[PDB]
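What follows is a set of notes on a single structure, which appears directly below.
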Amino acid sequence: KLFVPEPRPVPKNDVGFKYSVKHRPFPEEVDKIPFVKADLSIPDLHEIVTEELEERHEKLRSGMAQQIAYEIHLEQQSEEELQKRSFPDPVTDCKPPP
Amino acid sequence: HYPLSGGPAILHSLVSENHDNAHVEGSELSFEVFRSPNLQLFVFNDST
């Protein structure tokens, strides 16, 4: 008779372990020690910007904010499209030739 | 003719001399198949 392929198995999304912990480079007992003048050798990011790059810094910040909004919108539309589609995706489901 | 009724998995016929032979009741090839008095093999064009 005709060749009818077997149905695909149903998948389950919740597979595998999930972890949500807090990472600290040093134990909390270290934080109790007061800082000395040697601990300030590495400058903070606040002081790393000079007067010649302030306008550039502001322009990059605004551009990055715009890009974040754009990427959030694209993520929303992509997840909506994904939830619209069904499991047996016709555009990429391989089937025997007639 | 590639998509035959049997599906793309099957391309060449799976039959042989043992099948549909009255003198041999087995389903596998054996010397009794050659012992059949109604079987003969030929070579054609030296390549068939």
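Starting from 1 in every chain, residues are counted up; chains themselves are A, B, ... following the order of the structure tokens, and ligands are numbered from 1 as listed.
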
If we count only C-alpha atoms, which residues of chain B reach to within 7 Å of chain A? Please list them as a ChimeraX atom specification.
-> /B:3,5-7

Could those selected residues go to a file with C-alpha atoms, as an mmCIF file, in the first residue's frame?
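Okay, this is what ended up in part.cif:
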data_model
loop_
_atom_site.group_PDB
_atom_site.id
_atom_site.type_symbol
_atom_site.label_atom_id
_atom_site.label_comp_id
_atom_site.auth_asym_id
_atom_site.auth_seq_id
_atom_site.Cartn_x
_atom_site.Cartn_y
_atom_site.Cartn_z
ATOM 1 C CA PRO B 3 8.799 6.973 -6.255
ATOM 2 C CA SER B 5 4.316 2.171 -4.834
ATOM 3 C CA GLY B 6 6.563 0.588 -2.203
ATOM 4 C CA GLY B 7 8.024 3.903 -1.082
#

Would you mind listing what lies within 8 Å of residue B:18 as a PyMOL selection string, with only C-alpha atoms counted and same-chain residues fewer than 2 positions away left out?
-> chain B and resi 16+20-21+24+26-30+33

As a ChimeraX atom specification, list the residues of chain B assigned to helix (DSSP H, G or I) by DSSP on the backbone atoms of this structure.
-> /B:31-34

Neighbours of stretch 81-90 of chain A within 12 Å (only C-alpha atoms; same-chain residues fewer than 2 positions away dropped), as a list in words?
-> residues 7, 8, 9, 10, 11, 12, 74, 75, 76, 77, 78, 79, 92, 93, 94 and 95 of chain A
